[PDB]
Amino acid sequence: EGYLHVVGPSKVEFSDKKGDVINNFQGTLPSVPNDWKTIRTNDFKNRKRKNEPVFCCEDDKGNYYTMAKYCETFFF
RNA sequence: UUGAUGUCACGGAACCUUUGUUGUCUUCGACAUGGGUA
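The numbering of the first sequence is the deposited numbering, which starts it at 1145 and goes up by one.
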């Protein structure tokens, strides 16, 4: 028994130009959601081992975002 | 709200002294963010 410490999906890499993760997404990038609770990761940095999930997306003025946090912390 | 045979109040400049002044280069590089793996 304990408490959940929920900070939000705040570990983000962002750029004006397309890096290695974005280049290899294989799809149409999603748009940035409005609600922080609906975000879900959509591929991996190490896609062989399936470690390190990320959420890749694009905004309407041309920035690219890679959110690389998927866990949240439990204090007990 | 006067009192009566007695009021110069047009009998008295709100006057006199005091510095919006003292100090300050239109300059300039390393910093943001929080996890991930066993």
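Every residue gets a Cβ at the ideal spot worked out from N, C-alpha and C, and that includes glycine.
- Closest in alpha carbon position to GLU1196, among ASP1187, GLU1202, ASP1203, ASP1204, is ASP1187.
- Remark: C-beta atoms of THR1210 and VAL1165 approach each other more closely than 7 Å.
- The residue from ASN1167, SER1154, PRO1153 with its alpha-carbon nearest to that of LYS1189 is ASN1167.
- For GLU1202, the pairing in a beta bridge is given by DSSP as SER1175, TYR1208.
- In this structure, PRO1153 places its C-beta atom within 7 Å of the C-beta atom of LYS1213.
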